[PDB]
Number of protein chains: 2
Amino acid sequence: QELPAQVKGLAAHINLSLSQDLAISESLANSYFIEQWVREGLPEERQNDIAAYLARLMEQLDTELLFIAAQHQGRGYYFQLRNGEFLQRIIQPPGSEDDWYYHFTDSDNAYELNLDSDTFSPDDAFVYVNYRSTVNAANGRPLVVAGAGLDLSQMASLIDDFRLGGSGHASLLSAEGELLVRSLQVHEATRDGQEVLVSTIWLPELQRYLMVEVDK
Amino acid sequence: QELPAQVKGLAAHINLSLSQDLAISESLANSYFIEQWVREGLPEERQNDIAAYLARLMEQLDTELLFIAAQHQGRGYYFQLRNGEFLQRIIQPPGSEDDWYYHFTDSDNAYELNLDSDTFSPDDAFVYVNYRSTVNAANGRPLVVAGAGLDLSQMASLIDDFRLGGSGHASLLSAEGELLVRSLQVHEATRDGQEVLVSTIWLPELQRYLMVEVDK
Ligand SMILES: Nc1nc2[nH]cnc2c(=O)[nH]1
Ligand SMILES: Nc1nc2[nH]cnc2c(=O)[nH]1
């Protein structure tokens with residue numbers, strides 16, 4: 001049976017791409033230079049530097065968004081490099097859209113992959129790689145929560161990266177059944193028109209399932 | 001046949017570990033802060049900072065050695081964090097042991113995994129993750145060549161990480177037959193005493209082959 005092993009290998013491909021992104025996100029969240037920039041009071045004079053730094057990562061990871069959420073004097077600051085623009089704002093109280101932060105920082109997870117609409121542009125939704133810094137602020141929250149906001153179209157192109165015979169559909173869903181993107185125990189099911197074979201597997205790094213259809 | 005697929009999966013495990021190391025090495029070689037420290041003339045005043053920075057990576061990658069080779073005014077400087085010590089020296093001409101540099105910088109490879117004896121301590125030999133910076137100096141050489149020096153004992157523990165049935169031996173060799181470490185088309189060969197099954201596969205990221213023996 002080539003199809004099950006092929007599904008496992010493609011899942012491994014997705015895993016290694018996300019793992020490169022995750023390692024870079026951890027190194028960014030625990031960056032000594034970013035922590036020193038935070039302790040210095042986040043001077044605007046060095047912002048350009050910071051931008052360049054994040055640029056060097058965006059070129060390597062090919063991700064649309066890069067974000068840094070810093071804590072200083074009890075205030076949270078959200079910075080984002082995207083499309084050459086370096087945007088900055090203040091993190092909102094838990095009653096607004098930034099409650100995700102209060103979520104991830106209240107969980108004991110070192111990292112989570114939460115899908116959410118962008119706070120600078122609510123129209124676009126991204127898959128955010130929230131990684132927590134080892135250092136904690138005086139209020140108990142992570143000093144830095146940095147990572148990469150992935151454009152879901154890329155998600156579509158890297159699952160469309162490999163196709164079995166050039167046909168079939170590959171889908172990636174969430175744990176509640178919310179579908180994220182579209183291009184072990186294998187089963188056979190009759191689809192509308194013609195029958196197909198389906199087989200699913202769950203990714204722990206993404207917290208999310210993966211299905212695939214194949215005909216002849 | 002479970003053994004071939006198991007060999008492929010363990011090779012994938014080795015690949016993903018080395019890939020985390022490689023991504024961190026690339027981000028370090030193309031670090032904007034390191035490049036600014038180089039352009040500033042490599043001030044000793046900031047050395048502590050640099051050290052801390054590299055420390056933050058060594059804690060994440062669990063690698064014995066971290067190295068940075070910088071170019072400034074036509075002179076090459078070799079820095080290494082290891083065991084809490086921040087060592088620094090001048091890169092030797094091609095007639096000495098640093099010729100590896102002139103090798104890797106003369107190849108069009110973005111990165112190479114060269115095994116070599118340490119230049120600060122010739123007794124210990126490491127597997128060096130040489131990654132080239134995108135920026136080039138005025139003399140045409142990479143402005144920064146940074147990465148991680150892996151202790152081969154770790155290499156032994158991550159191939160001993162997974163064992164089939166708790167028996168058998170897994171070996172990793174070079175392209176000339178030089179064995180690196182010890183714990184597709186499968187073949188059967190009679191070893192001294194009792195017969196065994198052997199199957200090998202080549203890793204492109206490591207440029208190196210992988211064998212494995214199994215009895216019953
Ligand atoms: N909306 C939103 N923006 C983010 N920026 C970083 N992480 C997130 C997240 O989870 N949601
Ligand atoms: N000896 C030695 N030291 C290194 N430091 C970084 N790369 C190397 C290498 O290839 N050889």
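Residues numbered from 1 in each chain as written, not as in the entry; some residues may be left out. Chains lettered and ligands numbered in written order. Heavy atoms only, no water.

If you check the header, you'll see the entry was determined by X-ray crystallography and the resolution is listed as 3.60 Å.

Caption draft 1: Summary view of unusual backbone geometry. At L42 of chain A, a residue that is not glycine, the phi angle is positive and equals roughly 55°. Turning to its location among the elements, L42 of chain A is positioned in the loop between α2 (32–39) and α3 (47–61). The exposure class assigned to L42 of chain A is buried, which follows from its relative accessible area of 12%. In the Ramachandran plot, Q207 of chain B falls in the positive-phi region, its phi being about 60° despite a non-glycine side chain. Looking at the secondary structure, you find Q207 of chain B in the loop between β11 (201–203) and β12 (208–214). (Helix = DSSP H or I, 4+ residues; strand = E, 2+ residues; numbered from the N terminus. Buried < 20%, exposed > 50% of the residue type's maximum accessible area, 1.4 Å probe, protein only.)

Caption draft 2: Main features of the environment of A52 of chain A. Here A52 of chain A lies in helix α3. Along the sequence, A52 of chain A and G84 of chain A sit 32 residues apart, while their C-alpha atoms lie 9.8 Å from each other.

Caption draft 3: Structural context of the site of ligand 1. Residue and element names in this part refer to chain A. Looking at ligand 1, the residues that line it are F67, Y78, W100, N114, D116, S117, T119, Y128 and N130. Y78 places a polar side-chain atom, nitrogen or oxygen, 2.9 Å from a nitrogen atom of ligand 1. Separating an oxygen atom of ligand 1 from a side-chain N or O atom of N114 is a distance of 3.5 Å. Those elements giving two or more residues to the shell around ligand 1 turn out to be β4 (111–117) and β5 (125–132). Top element by residues in the shell around ligand 1 is β4. It accounts for 3 residues. Along the lines of polarity and charge, the residues of the shell around ligand 1 split into 4 nonpolar, 4 polar and 1 charged. (Near = heavy atom within 4 Å. Polar contact = N/O pair within 3.5 Å; in protein donor to acceptor, adjacent residues only side chain to side chain. Nonpolar A, V, L, I, M, F, W, Y, C, P; charged D, E, K, R; others polar.)

Caption draft 4: Expanded view of the relation of the copies chain B and chain A. Overlaying chain B on chain A yields an RMSD of 0.0 Å, the required transformation being a rotation through 180° with an accompanying axial translation of 0.0 Å. Such a combination of turn and shift is consistent with a two-fold rotation axis. The residues that chain B uses at the interface reappear at the interface of chain A in 100% of cases, marking a shared surface. (Least-squares fit on C-alpha atoms. Contact = heavy atoms within 4.5 Å.)

Caption draft 5: Structural detail: the interface of chain B and chain A. On the chain A side, the residues contacting the 19 residues of chain B number 19 residues. A per-residue breakdown of the area chain B buries against chain A is headed by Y32, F33 and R56 of chain B, which together make up 38% of the total. The interface formed by chain B and chain A contains 2 salt bridges. Between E35 of chain A and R56 of chain B there is a salt bridge, with the nearest N and O atoms lying 2.4 Å from each other. Inspection of the chain B/chain A interface yields 12 residue pairs in polar contact. For the side of chain B that touches chain A, the secondary structure elements donating two or more residues are α1 (2–29), α2 (32–39) and α3 (47–61) of chain B. When residues of the side of chain B that touches chain A are assigned to their parent elements, the largest contribution, 7 residues, is made by α3 of chain B. (Buried area = accessible area lost by both parts, 1.4 Å probe. Salt bridge = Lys/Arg side-chain N within 4 Å of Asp/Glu carboxyl O.)

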